[PDB]
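Trainee:
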Amino acid sequence: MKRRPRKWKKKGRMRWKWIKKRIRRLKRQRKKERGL
Amino acid sequence: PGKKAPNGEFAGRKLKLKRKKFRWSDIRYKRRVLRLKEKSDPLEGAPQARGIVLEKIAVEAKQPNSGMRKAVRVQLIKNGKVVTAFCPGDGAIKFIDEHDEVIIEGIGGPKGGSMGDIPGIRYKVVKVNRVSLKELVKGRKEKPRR
Amino acid sequence: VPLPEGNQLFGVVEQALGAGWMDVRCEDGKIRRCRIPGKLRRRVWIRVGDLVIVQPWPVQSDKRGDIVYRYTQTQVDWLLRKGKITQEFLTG
Amino acid sequence: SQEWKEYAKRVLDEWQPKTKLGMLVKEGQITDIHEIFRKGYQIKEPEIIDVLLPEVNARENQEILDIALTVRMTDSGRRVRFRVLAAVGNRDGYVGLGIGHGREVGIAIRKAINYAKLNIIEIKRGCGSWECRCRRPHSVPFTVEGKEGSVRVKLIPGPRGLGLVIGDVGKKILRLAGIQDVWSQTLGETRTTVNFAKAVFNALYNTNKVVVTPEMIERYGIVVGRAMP
RNA sequence: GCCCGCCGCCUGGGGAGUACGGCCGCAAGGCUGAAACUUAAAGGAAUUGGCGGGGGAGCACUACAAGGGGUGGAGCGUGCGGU
RNA sequence: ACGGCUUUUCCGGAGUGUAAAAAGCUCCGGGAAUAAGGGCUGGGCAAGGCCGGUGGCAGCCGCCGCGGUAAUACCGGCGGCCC
Ligand SMILES: [Mg+2]
Ligand SMILES: [Mg+2]
Ligand SMILES: [Mg+2]
Ligand SMILES: [Mg+2]
Ligand SMILES: [Mg+2]
Ligand SMILES: [Mg+2]
Ligand SMILES: [Mg+2]
Ligand SMILES: [Mg+2]
Ligand SMILES: [Mg+2]
Ligand SMILES: [Zn+2]
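One line per chain: the protein sequences are W, D, A and Z, in this order. Note that the numbering used here has the first sequence beginning at 309, numbered continuously upward. Note that the numbering used here has the second sequence beginning at 433, numbered continuously upward. Note that the numbering used here has the third sequence beginning at 130, numbered continuously upward. Note that the numbering used here has the fourth sequence beginning at 13, numbered continuously upward.
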C-alpha cells in the first residue's frame with residue numbers, strides 16, 4: 309500500500325495498523341469469490 | 433530542493449510538458465475538460481426544469497438548529513428522474529397539491545449545491561401551475577383551477 | 130382527555146429502537162415502527178410500556194406511524210373507569 | 013497654522029524637561045524638526061514632538077487603525093484587555109505608528125497615540141514612474157519593499173492623479189505621510205492588520221537605504237522632509 | 001542564507017490507497033490507480049489557565065498518627081422524602 | 001397654501017416625407033394636464049436600538065449565524081439606504 313503518514317496520528321480514529329489488517333482480511337474474501 | 437527546473441534556453445518542450453502534466457491535479461480543470469458534471473446532472477445542464485409532484489415530505493434541520501422544512505418529491509418530465517425540491521415561504525406548502533406541475537431551479541448554495549441547514553436538497557420551487565409561488569404566498573393572485 | 134380521531138388509535142410501546150424511534154403495538158394487531166415528533170420529543174420522557182396515540186402515515190399506513198400524545202397514570206385510571214381501555218390491551 | 017504656533021508656545025513654557033534632548037529643545041539650541049534625526053539620540057519625551065511638530069495634534073492628522081480585545085484565562089473567569097493600533101503624521105514628510113494597551117478603550121487610545129509620536133520617522137518622496145516624469149513629490153521616488161510577519165509589501169511609483177492603489181490601512185498610512193499616488197503588490201496574510209501596517213511602515217522607512225547620486229536628485233525631484241516651497 | 005544547473009513529487013478534509021483493468025510473485029503479497037456521494041473546516045507552531053493513578057516545597061483535629069468521649073441497635077422530641 | 005410660466009411628452013389639425021402608407025421633421029389650437037418601480041435594512045456592506053404579532057413552533061440563512069415569551073436578524077406597520 310501507499311504511505312499516508314497523516315493516517316498514523318491517533319486523534320479521532322483507531323490505530324492504522326489494525327485498519328490495514330481489516331482491509332487485507334476483506335480483500336481476501338473478494339478474491340476467493342472471484343475465483344469461483 | 434534546488435533551483436526550479438528546467439531554465440535552459442532550448443528546454444521549451446520539457447517545460448510545456450511539465451506544466452501540462454501537473455495541471456491535472458487541479459480539480460476545477462479536470463471536471464471541466466472531462467465534463468464530469470454533465471454526466472451526472474439530472475437537469476442536463478439546464479438552468480430550470482419542469483416536473484410533476486408525487487408527494488409531500490418534511491426534513492429536519494441539522495444540529496444545532498431545530499425545525500421541519502417542507503419539501504416535495506418531483507418527477508422530471510424530460511427524463512423521468514425523481515428529485516427533492518424545497519418550498520420557500522411561510523405556509524407555502526398549503527398551495528401545493530399532489531399531481532400539480534411545478535418549475536424548479538437551483539437553490540444557490542456553495543459550489544452549485546445545497547445551502548444552509550438542509551443538505552441533501554439542491555432545488556427549490558418557483559412556479560405552481562404556471563403561477564409564481566412568491567405571489568401566492570404574498571397574495572395578489574389566486575391559484576388557478578381551484 | 131383527548132381521544133383518537135380518524136386513523137388515530139391506541140397503542141402500547143413495545144421497544145425502543147433508538148434515534149427517536151419506537152416500536153408500538155396497536156389495538157388491531159399491527160406492529161408499527163413509529164417516529165417521535167420533535168415538538169413533543171423535547172418535553173416529555175417516555176418509557177417502555179405506555180399508552181400513546183398512534184397516527185398512521187398518509188403513505189404506507191401499515192408499518193409506519195407517529196406518536197402524537199401520551200397519557201398519565203391518573204388519565205389511565207380515568208379511561209379505565211370510563212370504559213375505553215381494558216386490562217387485556219394494557220397486558221397485550 | 014496660527015493655532016499651533018501658540019499651542020507650541022504654551023506647551024514650551026510650562027514643560028520641565030527630564031532628558032538631555034529635552035533640555036536642548038527647551039533652551040532653544042534645537043529649533044527644527046530635522047535636527048533630531050540621524051545622530052543616534054534617544055527620544056523619550058512626547059513634548060519634543062509637540063514643540064517641533066505641533067500639527068500632529070490636529071484631529072485630521074491622527075488615525076485609529078484598529079481596535080481589538082484579547083482574553084487571558086484564569087480560574088475566576090476571563091480578563092479582558094484592549095489593544096489599539098494608531099498612527100500620526102504631518103501630511104508632509106513625517107509619520108509615526110504606535111500600539112497601546114489598557115483596561116479600557118480610552119486609556120489604550122491615549123497610550124497608542126503617545127507611542128506613535130515617539131516612533132516618528134522621516135522619508136523621501138519624488139516621482140519615478142515611466143509614464144509621469146514631473147519632478148514633483150507626489151509619490152515614492154522608486155520601488156521599495158518591506159515585510160513583517162508573513163506580510164510582504166512592494167510599493168511602485170505611479171502617475172499623478174492615479175490615486176492610492178492599495179488596501180485601506182496602506183491608504184491611511186500613506187496619506188498621513190504626504191503621498192498621493194502609488195501602485196502596490198502584496199503577499200501573505202493581509203487580514204492581520206498589525207503586520208500589514210508594520211510592513212507598510214517599514215517599506216516607507218526603507219527609502220533611506222537606497223544609494224543615490226546627485227543627478228538622480230535632480231532627475232526625480234527627491235525631497236527629504238518638508239517640501240519647502 | 002545569496003546565486004548558476006538537472007531530475008522526482010504536491011494542489012482543502014473524507015470516500016481511498018478502495019473499485020475496475022494491467023504487469024510481477026509458488027503463495028503471502030508488490031507496483032500503477034478513479035468516480036458517485038459527503039463535509040466547513042481538517043492540519044501546524046506558540047500563549048494563559050485547569051487537570052495528571054508526574055516531580056519538588058508548605059499547611060489543616062470540619063486531615064491523619066497518639067488519645068478522651070460518642071453516633072449507627074431500643075423508645076420518644078423535632079425537621080425531611082413518600083403516601 | 002397662494003400667484004405666475006412652459007409644452008419635451010399627451011389630444012386634435014396643415015405641410016413635408018414615402019413605390020403607396022406609417023414613423024420622423026417644420027407650424028397651428030387646448031392643457032400641469034397623460035406618466036415610478038424593484039431589491040435591501042445584525043456583520044461583510046450604505047441604511048432603525050421604534051411599534052404590533054409568533055414563542056426551538058412557524059420561519060430566515062451565498063458564508064458567519066438568528067429564533068427556548070423583554071427578537072435592532074422571522075411576519076406586518078411606520079421610518080430609512082442603493083440603483
Ligand atoms: Mg505531511
Ligand atoms: Mg487557581
Ligand atoms: Mg520576522
Ligand atoms: Mg487486479
Ligand atoms: Mg471528616
Ligand atoms: Mg486516629
Ligand atoms: Mg440510634
Ligand atoms: Mg422590518
Ligand atoms: Mg454601516
Ligand atoms: Zn509624477
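Idealized CB from N, CA, C, for every residue including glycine.
Spell out the partners DSSP gives D/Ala490 in its beta bridges.
Mentor: Your numbering for residue 490 of chain D matches position 58 in the second sequence. Paired residues: D/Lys502.
Trainee: Measure the alpha-carbon distance for A/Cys163 versus A/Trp150 and round it to whole angstroms.
Mentor: Translated into the one-based positions of the third sequence, residue 163 of chain A becomes position 34. Translated into the one-based positions of the third sequence, residue 150 of chain A becomes position 21. One C-alpha to the other measures close to 6 Å.
Trainee: Helix, strand or coil for W/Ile331? Go by DSSP, reduced to three states.
Mentor: Residue mapping note: residue 331 of chain W aligns to position 23 of the first sequence, counting from 1. Helix at W/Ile331.
Trainee: Around ligand 10, what residues have a beta-carbon under 7 Å from a heavy atom of it, in chain order?
Mentor: Z/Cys139, Z/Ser141, Z/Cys144, Z/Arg145, Z/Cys146, Z/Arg148, Z/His150, Z/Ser151, Z/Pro171, Z/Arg172
Trainee: Could you check what DSSP says for Z/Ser141 in three-state terms: helix, strand or coil?
Mentor: One-based indexing of the fourth sequence puts residue 141 of chain Z at position 129. Of the three classes helix, strand and coil, the one that applies to Z/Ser141 here is strand, per DSSP.
Trainee: Residue range of the alpha helix (DSSP H) that Z/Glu59 falls in?
Mentor: Position 47 of the fourth sequence holds residue 59 of chain Z. 59-64 is the extent of the alpha helix (DSSP H) around Z/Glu59.
Trainee: In terms of alpha-carbon separation, which member of Z/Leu65, Z/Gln28, Z/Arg50 lies closest to Z/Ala20?
Mentor: The residue you call residue 20 of chain Z lines up with position 8 of the fourth sequence. For Z/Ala20, the nearest C-alpha among the options comes from Z/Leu65.
Trainee: Cβ closer than 7 Å: which chain A residues qualify as neighbours of D/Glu487?
Mentor: Translated into the one-based positions of the second sequence, residue 487 of chain D becomes position 55. Those are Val188, listed as they occur along chain A.
Trainee: Closer than 7 Å, Cβ to any Cβ of chain D: which residues of the stretch 165-193 of chain A, in chain order?
Mentor: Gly167, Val188
Trainee: Which residues, taken in chain order from the stretch 520-541 of chain D, show a beta carbon closer than 7 Å to some beta carbon of chain A?
Mentor: none
Trainee: What did DSSP end up calling D/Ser472 once you bin it into helix, strand or coil?
Mentor: As a working note, residue 472 of chain D is residue 40 in the second sequence. Reduced to three states, the DSSP call for D/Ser472 is helix.
Trainee: Which residues does DSSP list as the beta-bridge partners of Z/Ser196?
Mentor: Stepping through the fourth sequence from its first residue, residue 196 of chain Z is reached at position 184. Answer is Z/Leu167, bridged to Z/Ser196.
Trainee: Give me the residue from D/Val558, D/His531, D/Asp458 with the minimum Cα distance to D/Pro479.
Mentor: If you number the second sequence from 1, residue 479 of chain D lands on position 47. The shortest Cα separation from D/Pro479 among D/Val558, D/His531, D/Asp458 belongs to D/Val558.
Trainee: Kindly indicate which three-state DSSP category A/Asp157 falls into: helix, strand or coil?
Mentor: Here the question's residue 157 of chain A lines up with position 28 in the third sequence. Looking at A/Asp157 - three-state DSSP - the assignment turns out to be coil, as it is neither helix nor strand.
Trainee: Just how far apart, CA to CA, sit Z/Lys32 and Z/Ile121?
Mentor: Residue 32 of chain Z sits at position 20 when you count from the first residue of the fourth sequence. Residue 121 of chain Z sits at position 109 when you count from the first residue of the fourth sequence. Z/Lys32 and Z/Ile121: Cα-Cα distance of roughly 28 Å.
Trainee: For a contact defined as C-beta to C-beta under 9 Å, what are the partners of D/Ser472 on chain A?
Mentor: What you label residue 472 of chain D is simply residue 40 of the second sequence in a count that begins at 1. Under the 9 Å cutoff, chain A gives no residues; its nearest Cβ is about 28 Å from D/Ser472.
Trainee: Determine the contact status of D/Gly521 and D/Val569, defining contact as a CB-CB distance below 7 Å.
Mentor: Numbered from its first residue, the second sequence carries residue 521 of chain D at position 89. Numbered from its first residue, the second sequence carries residue 569 of chain D at position 137. Going by C-beta atoms, D/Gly521 is nearer than 7 Å to D/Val569.
Trainee: Cβ atoms of Z/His113 and Z/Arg95: under 7 Å apart, would you say?
Mentor: Residue mapping note: residue 95 of chain Z aligns to position 83 of the fourth sequence, counting from 1. Residue mapping note: residue 113 of chain Z aligns to position 101 of the fourth sequence, counting from 1. Yes, the Cβ-Cβ distance between Z/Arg95 and Z/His113 is below 7 Å.
Trainee: Mind reading off the beta-carbon distance from Z/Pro226 to Z/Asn126? Whole number of angstroms is fine, and I expect it under 8 Å.
Mentor: For the purposes of this step, residue 226 of chain Z is identified with residue 214 of the fourth sequence, where counting begins at 1. For the purposes of this step, residue 126 of chain Z is identified with residue 114 of the fourth sequence, where counting begins at 1. Cβ atoms of Z/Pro226 and Z/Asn126 stay farther apart than 8 Å, at about 40 Å.
Trainee: If you compare alpha carbons, which of D/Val560, D/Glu492, D/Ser498 is closest to D/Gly483?
Mentor: Against the second sequence, residue 483 of chain D aligns to sequence position 51. Out of D/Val560, D/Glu492, D/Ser498, D/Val560 has the C-alpha closest to the C-alpha of D/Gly483.
Trainee: Determine the contact status of Z/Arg238 and Z/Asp62, defining contact as a CB-CB distance below 7 Å.
Mentor: In the fourth sequence, the residue the question calls residue 238 of chain Z occupies position 226. In the fourth sequence, the residue the question calls residue 62 of chain Z occupies position 50. Not in contact: Z/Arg238 and Z/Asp62 (Cβ atoms no closer than 7 Å).
Trainee: By Cβ distance, which residues of its chain are closer than 8 Å to W/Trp316, with the 5 residues on each side in sequence left out?
Mentor: Taking the first sequence and counting its residues from 1, one reaches residue 316 of chain W at position 8. Counting only Cβ-Cβ distances below 8 Å, and skipping sequence neighbours, we find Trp324.
Trainee: When we look at the beta-carbon of Z/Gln54 and count the other beta-carbons within 10 Å, is it buried (16 or more) or exposed?
Mentor: For this step, residue 54 of chain Z is matched to residue 42 along the fourth sequence. Under this definition Z/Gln54 is an exposed residue.
Trainee: Which value, in whole angstroms, describes the spacing of the CA atoms of Z/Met240 and D/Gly434?
Mentor: Start at 1 with the first residue of the fourth sequence, and residue 240 of chain Z comes out as number 228. Start at 1 with the first residue of the second sequence, and residue 434 of chain D comes out as number 2. Computed Cα separation, rounded: 52 Å.
Trainee: Would D/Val506 and D/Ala490 be called neighbours here (beta carbons separated by less than 7 Å)?
Mentor: Reading the second sequence from its first residue, position 74 is the one you call residue 506 of chain D. Reading the second sequence from its first residue, position 58 is the one you call residue 490 of chain D. Not a contact, by the Cβ cut-off of 7 Å.
Trainee: Only counting runs of 4 or more residues, tell me where the alpha helix (DSSP H) segments fall wholly within the stretch 133-180 of chain A, in order along the chain.
Mentor: You should have 167-170.
Trainee: Assuming Z/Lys129 is part of the beta strand (DSSP E), what are its boundary residues?
Mentor: Position 117 of the fourth sequence, counted from the start, is the residue given in the question as residue 129 of chain Z. DSSP places Z/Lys129 in no beta strand (DSSP E) but in the uninterrupted alpha helix (DSSP H) bounded by 117-130.
Trainee: What separation, rounded to the nearest whole angstrom, lies between the Cα atoms of Z/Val23 and Z/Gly34?
Mentor: If you number the fourth sequence from 1, residue 23 of chain Z lands on position 11. If you number the fourth sequence from 1, residue 34 of chain Z lands on position 22. For Z/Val23 and Z/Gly34, the distance between alpha carbons rounds to 13 Å.
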